[PDB]
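For reference, model_37.pdb (PDB, C-alpha atoms (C1' of nucleotides)):
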```
MODEL        1
ATOM      1  CA  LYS G   2     204.084-100.021  -7.446  1.00  0.00           C
ATOM      2  CA  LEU G   3     202.009 -97.002  -6.245  1.00  0.00           C
ATOM      3  CA  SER G   4     203.441 -94.797  -9.008  1.00  0.00           C
ATOM      4  CA  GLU G   5     202.295 -97.199 -11.774  1.00  0.00           C
ATOM      5  CA  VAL G   6     198.855 -97.756 -10.264  1.00  0.00           C
ATOM      6  CA  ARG G   7     197.818 -94.097 -10.692  1.00  0.00           C
ATOM      7  CA  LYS G   8     199.028 -94.299 -14.329  1.00  0.00           C
ATOM      8  CA  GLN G   9     197.068 -97.425 -15.173  1.00  0.00           C
ATOM      9  CA  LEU G  10     193.968 -95.471 -14.174  1.00  0.00           C
ATOM     10  CA  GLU G  11     194.753 -92.317 -16.146  1.00  0.00           C
ATOM     11  CA  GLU G  12     195.187 -94.188 -19.417  1.00  0.00           C
ATOM     12  CA  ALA G  13     192.435 -96.697 -18.782  1.00  0.00           C
ATOM     13  CA  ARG G  14     190.029 -93.901 -17.803  1.00  0.00           C
ATOM     14  CA  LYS G  15     190.093 -92.636 -21.407  1.00  0.00           C
ATOM     15  CA  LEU G  16     190.205 -95.984 -23.216  1.00  0.00           C
ATOM     16  CA  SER G  17     186.684 -96.358 -24.791  1.00  0.00           C
ATOM     17  CA  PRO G  18     184.180 -99.001 -23.655  1.00  0.00           C
ATOM     18  CA  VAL G  19     184.613-101.682 -26.355  1.00  0.00           C
ATOM     19  CA  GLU G  20     188.406-101.411 -26.076  1.00  0.00           C
ATOM     20  CA  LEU G  21     188.371-101.837 -22.281  1.00  0.00           C
ATOM     21  CA  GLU G  22     186.385-105.119 -22.416  1.00  0.00           C
ATOM     22  CA  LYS G  23     189.001-106.696 -24.566  1.00  0.00           C
ATOM     23  CA  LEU G  24     191.882-105.362 -22.398  1.00  0.00           C
ATOM     24  CA  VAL G  25     190.202-107.265 -19.565  1.00  0.00           C
ATOM     25  CA  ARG G  26     189.682-110.611 -21.332  1.00  0.00           C
ATOM     26  CA  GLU G  27     193.385-110.392 -22.148  1.00  0.00           C
ATOM     27  CA  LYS G  28     194.312-109.671 -18.507  1.00  0.00           C
ATOM     28  CA  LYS G  29     191.976-112.428 -17.265  1.00  0.00           C
ATOM     29  CA  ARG G  30     193.855-114.910 -19.455  1.00  0.00           C
ATOM     30  CA  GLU G  31     197.274-113.800 -18.150  1.00  0.00           C
ATOM     31  CA  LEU G  32     195.883-114.633 -14.701  1.00  0.00           C
ATOM     32  CA  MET G  33     195.009-118.220 -15.731  1.00  0.00           C
ATOM     33  CA  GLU G  34     198.537-118.679 -17.080  1.00  0.00           C
ATOM     34  CA  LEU G  35     199.817-117.474 -13.711  1.00  0.00           C
ATOM     35  CA  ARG G  36     197.756-119.858 -11.568  1.00  0.00           C
ATOM     36  CA  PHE G  37     198.880-122.843 -13.712  1.00  0.00           C
ATOM     37  CA  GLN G  38     202.469-121.975 -12.887  1.00  0.00           C
ATOM     38  CA  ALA G  39     201.534-121.444  -9.214  1.00  0.00           C
ATOM     39  CA  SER G  40     200.111-124.923  -9.143  1.00  0.00           C
ATOM     40  CA  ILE G  41     203.160-126.629 -10.615  1.00  0.00           C
ATOM     41  CA  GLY G  42     205.426-124.629  -8.197  1.00  0.00           C
ATOM     42  CA  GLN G  43     208.104-124.158 -10.927  1.00  0.00           C
ATOM     43  CA  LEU G  44     208.167-120.306 -11.362  1.00  0.00           C
ATOM     44  CA  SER G  45     205.708-118.239  -9.275  1.00  0.00           C
ATOM     45  CA  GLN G  46     206.387-115.183  -7.054  1.00  0.00           C
ATOM     46  CA  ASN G  47     203.305-114.422  -5.033  1.00  0.00           C
ATOM     47  CA  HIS G  48     202.669-110.722  -5.125  1.00  0.00           C
ATOM     48  CA  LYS G  49     202.343-111.093  -8.926  1.00  0.00           C
ATOM     49  CA  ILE G  50     198.868-112.654  -8.453  1.00  0.00           C
ATOM     50  CA  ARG G  51     197.109-110.383  -5.976  1.00  0.00           C
ATOM     51  CA  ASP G  52     198.509-107.546  -8.202  1.00  0.00           C
ATOM     52  CA  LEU G  53     197.041-108.829 -11.437  1.00  0.00           C
ATOM     53  CA  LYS G  54     193.767-109.406  -9.497  1.00  0.00           C
ATOM     54  CA  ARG G  55     193.463-105.814  -8.267  1.00  0.00           C
ATOM     55  CA  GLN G  56     194.157-104.659 -11.894  1.00  0.00           C
ATOM     56  CA  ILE G  57     191.012-106.331 -13.239  1.00  0.00           C
ATOM     57  CA  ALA G  58     188.902-104.887 -10.423  1.00  0.00           C
ATOM     58  CA  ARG G  59     190.057-101.409 -11.281  1.00  0.00           C
ATOM     59  CA  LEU G  60     189.564-102.103 -14.966  1.00  0.00           C
ATOM     60  CA  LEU G  61     186.025-103.303 -14.352  1.00  0.00           C
ATOM     61  CA  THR G  62     185.341-100.535 -11.844  1.00  0.00           C
ATOM     62  CA  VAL G  63     186.175 -98.101 -14.664  1.00  0.00           C
ATOM     63  CA  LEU G  64     184.122 -99.968 -17.192  1.00  0.00           C
ATOM     64  CA  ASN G  65     181.057 -99.387 -14.941  1.00  0.00           C
ATOM     65  CA  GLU G  66     181.505 -95.677 -14.238  1.00  0.00           C
ATOM     66  CA  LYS G  67     181.473 -95.300 -18.044  1.00  0.00           C
ATOM     67  CA  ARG G  68     178.377 -97.520 -18.593  1.00  0.00           C
ATOM     68  CA  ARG G  69     176.488 -95.205 -16.147  1.00  0.00           C
ATOM     69  CA  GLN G  70     176.034 -92.620 -18.923  1.00  0.00           C
ATOM     70  CA  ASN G  71     177.509 -93.959 -22.240  1.00  0.00           C
ATOM     71  CA  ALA G  72     175.433 -97.003 -23.354  1.00  0.00           C
TER      72      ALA G  72
ATOM     73  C1'   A A   1     213.018-175.941  91.007  1.00  0.00           C
ATOM     74  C1'   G A   2     212.896-169.704  89.983  1.00  0.00           C
ATOM     75  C1'   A A   3     212.880-165.306  87.500  1.00  0.00           C
ATOM     76  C1'   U A   4     211.911-160.168  84.105  1.00  0.00           C
ATOM     77  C1'   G A   5     214.458-159.859  79.617  1.00  0.00           C
ATOM     78  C1'   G A   6     214.117-160.801  74.117  1.00  0.00           C
ATOM     79  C1'   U A   7     211.568-161.552  67.855  1.00  0.00           C
ATOM     80  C1'   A A   8     207.736-157.843  64.219  1.00  0.00           C
ATOM     81  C1'   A A   9     204.730-161.291  59.438  1.00  0.00           C
ATOM     82  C1'   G A  10     202.178-157.158  60.031  1.00  0.00           C
ATOM     83  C1'   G A  11     199.577-153.163  62.948  1.00  0.00           C
ATOM     84  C1'   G A  12     199.095-148.477  65.869  1.00  0.00           C
ATOM     85  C1'   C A  13     200.851-143.081  67.656  1.00  0.00           C
ATOM     86  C1'   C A  14     204.444-139.092  66.740  1.00  0.00           C
ATOM     87  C1'   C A  15     208.302-136.395  63.618  1.00  0.00           C
ATOM     88  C1'   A A  16     210.538-135.260  58.706  1.00  0.00           C
ATOM     89  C1'   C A  17     210.362-135.100  53.274  1.00  0.00           C
ATOM     90  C1'   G A  18     207.619-136.080  48.864  1.00  0.00           C
ATOM     91  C1'   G A  19     203.116-137.569  45.524  1.00  0.00           C
ATOM     92  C1'   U A  20     197.941-136.632  44.246  1.00  0.00           C
ATOM     93  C1'   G A  21     194.304-132.830  44.403  1.00  0.00           C
ATOM     94  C1'   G A  22     193.026-127.619  43.421  1.00  0.00           C
ATOM     95  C1'   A A  23     190.688-124.960  48.556  1.00  0.00           C
ATOM     96  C1'   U A  24     192.840-119.845  50.105  1.00  0.00           C
ATOM     97  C1'   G A  25     194.864-114.960  48.960  1.00  0.00           C
ATOM     98  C1'   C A  26     196.120-111.626  45.288  1.00  0.00           C
ATOM     99  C1'   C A  27     194.770-110.727  40.020  1.00  0.00           C
ATOM    100  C1'   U A  28     190.715-109.472  35.720  1.00  0.00           C
ATOM    101  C1'   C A  29     189.986-108.839  27.460  1.00  0.00           C
ATOM    102  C1'   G A  30     183.852-110.489  31.528  1.00  0.00           C
ATOM    103  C1'   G A  31     179.299-109.666  34.022  1.00  0.00           C
ATOM    104  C1'   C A  32     175.130-106.928  37.166  1.00  0.00           C
ATOM    105  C1'   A A  33     172.496-102.281  38.389  1.00  0.00           C
ATOM    106  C1'   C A  34     171.207 -97.112  37.871  1.00  0.00           C
ATOM    107  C1'   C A  35     171.442 -92.431  35.111  1.00  0.00           C
ATOM    108  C1'   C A  36     172.077 -90.130  30.447  1.00  0.00           C
ATOM    109  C1'   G A  37     172.181 -90.251  25.194  1.00  0.00           C
ATOM    110  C1'   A A  38     170.069 -92.536  20.758  1.00  0.00           C
ATOM    111  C1'   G A  39     165.805 -95.242  18.278  1.00  0.00           C
ATOM    112  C1'   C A  40     163.295 -98.544  13.145  1.00  0.00           C
ATOM    113  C1'   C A  41     164.782-101.980   8.644  1.00  0.00           C
ATOM    114  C1'   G A  42     162.434-104.302   3.852  1.00  0.00           C
ATOM    115  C1'   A A  43     160.465-105.560  -3.802  1.00  0.00           C
ATOM    116  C1'   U A  44     166.331-100.230  -5.117  1.00  0.00           C
ATOM    117  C1'   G A  45     165.017-107.668  -2.115  1.00  0.00           C
ATOM    118  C1'   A A  46     165.417-106.995   4.882  1.00  0.00           C
ATOM    119  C1'   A A  47     166.364-109.865   9.550  1.00  0.00           C
ATOM    120  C1'   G A  48     168.679-114.276   9.309  1.00  0.00           C
ATOM    121  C1'   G A  49     171.494-118.065   6.528  1.00  0.00           C
ATOM    122  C1'   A A  50     174.047-121.591   2.674  1.00  0.00           C
ATOM    123  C1'   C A  51     178.309-121.993  -0.516  1.00  0.00           C
ATOM    124  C1'   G A  52     182.431-119.549  -1.793  1.00  0.00           C
ATOM    125  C1'   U A  53     186.898-116.373  -1.298  1.00  0.00           C
ATOM    126  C1'   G A  54     194.494-116.164   0.783  1.00  0.00           C
ATOM    127  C1'   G A  55     200.840-118.375  -3.442  1.00  0.00           C
ATOM    128  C1'   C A  56     200.763-122.054   0.839  1.00  0.00           C
ATOM    129  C1'   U A  57     194.843-121.765   5.110  1.00  0.00           C
ATOM    130  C1'   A A  58     191.772-126.179  10.115  1.00  0.00           C
ATOM    131  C1'   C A  59     188.977-122.430  12.569  1.00  0.00           C
ATOM    132  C1'   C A  60     187.754-117.149  13.505  1.00  0.00           C
ATOM    133  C1'   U A  61     187.448-112.321  11.164  1.00  0.00           C
ATOM    134  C1'   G A  62     186.527-109.373   6.657  1.00  0.00           C
ATOM    135  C1'   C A  63     184.766-109.404   1.798  1.00  0.00           C
ATOM    136  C1'   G A  64     181.169-111.594  -2.627  1.00  0.00           C
ATOM    137  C1'   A A  65     182.970-114.441  -9.177  1.00  0.00           C
ATOM    138  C1'   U A  66     185.822-106.907  -9.114  1.00  0.00           C
ATOM    139  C1'   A A  67     185.541-111.820  -3.193  1.00  0.00           C
ATOM    140  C1'   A A  68     191.064-109.916   3.770  1.00  0.00           C
ATOM    141  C1'   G A  69     189.168-106.434  -1.393  1.00  0.00           C
ATOM    142  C1'   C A  70     187.653-101.659  -6.476  1.00  0.00           C
ATOM    143  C1'   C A  71     186.828 -95.618  -7.011  1.00  0.00           C
ATOM    144  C1'   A A  72     186.820 -90.698  -4.863  1.00  0.00           C
ATOM    145  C1'   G A  73     186.567 -86.876  -0.862  1.00  0.00           C
ATOM    146  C1'   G A  74     188.163 -85.831   4.450  1.00  0.00           C
ATOM    147  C1'   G A  75     191.534 -87.176   8.818  1.00  0.00           C
ATOM    148  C1'   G A  76     196.647 -88.462  10.045  1.00  0.00           C
ATOM    149  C1'   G A  77     202.409 -88.913   9.516  1.00  0.00           C
ATOM    150  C1'   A A  78     206.198 -93.933   9.709  1.00  0.00           C
ATOM    151  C1'   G A  79     205.558 -97.776   9.317  1.00  0.00           C
ATOM    152  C1'   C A  80     202.559-101.860   6.512  1.00  0.00           C
ATOM    153  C1'   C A  81     200.618-106.703   3.839  1.00  0.00           C
TER     154        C A  81
ENDMDL
END
```

Please, can you express the file's structure as structure tokens?
Amino acid sequence: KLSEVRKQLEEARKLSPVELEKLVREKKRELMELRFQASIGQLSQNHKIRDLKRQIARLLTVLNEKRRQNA
RNA sequence: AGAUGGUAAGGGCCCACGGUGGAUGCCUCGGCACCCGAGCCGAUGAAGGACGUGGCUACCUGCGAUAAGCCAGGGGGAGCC
């Protein structure tokens, strides 16, 4: 886990503003998919959710530090 | 024609062992006093709240749709959620 996290950030940090936004929408959707499965029981292994959640935060956190200078 | 003995439905006093009840002693994440230190917050939206937030979550706690958490700098070193 930790290893990947730092990488996410490196690549994301240089990803443009317009391109980020769409990466997020996409991620957001994956989340929905994951809750639906959670609800039915049938396939669903916990850590997967809080993970995907913290992703979006980071993604959005980055989107803002950009906005503070670039639009 | 004569006599003090003898029964316990129940009751009383004493002794032994239990029941109820929570005094006593010992104990203390709490309180009280004094002395020091420190002393404002808010339209860049306070103090105080409401609702919400966990894979499963009644309440408390922490957070706010990025929701028991997001970024970086410093401290620490084997255990965490």

With the file shown as input, list the residues that the PyMOL selection byres ((chain G) within 8 of (chain A)) selects, as a list in words. residues 39, 45, 46, 47, 50, 55, 57, 58, 59, 61 and 62 of chain G

Which residue out of G:22, G:42, G:32, G:56 has the minimum interatomic distance to residue G:9 when all atoms listed in the file are used?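 Smallest separation from residue G:9 among the options: G:56.
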
Residue contacts of residue G:21 (8 Å, only C-alpha atoms (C1' of nucleotides)) excluding same-chain residues fewer than 6 positions away, as a PyMOL selection string: chain G and resi 13+60+64

Straight-line distance linking atom CA of residue G:41 with atom CA of residue G:6, stated in Å to one decimal: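 Answer for the atom CA of residue G:41 to atom CA of residue G:6 separation: 29.2 Å.
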
Let me have the centre and edge lengths of the axis-aligned box enclosing all listed atoms of stretch 12-30 of chain G with 8 Å padding on every side, in Å to one decimal, as JSON.
```
{"center_x": 189.7, "center_y": -103.8, "center_z": -21.8, "size_x": 27.0, "size_y": 38.3, "size_z": 25.1}
```

Separation of atom CA of residue G:65 from atom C1' of residue A:46, in Å and rounded to one decimal: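 Separation between atom CA of residue G:65 and atom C1' of residue A:46: 26.4 Å.
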
Quick one, how far is atom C1' of residue A:73 from atom CA of residue G:7?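 Result for atom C1' of residue A:73 versus atom CA of residue G:7: 16.6 Å, one decimal.
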
Go through the shown structure with the PyMOL selection byres ((chain A and resi 68) around 12) and write out the matching residues as a PyMOL selection string. (chain G and resi 51) or (chain A and resi 53-54+61-64+67+69+81)

Which is closer to residue G:67 than all the others in G:38, G:43, G:4, G:17, using all atoms listed in the file? G:17
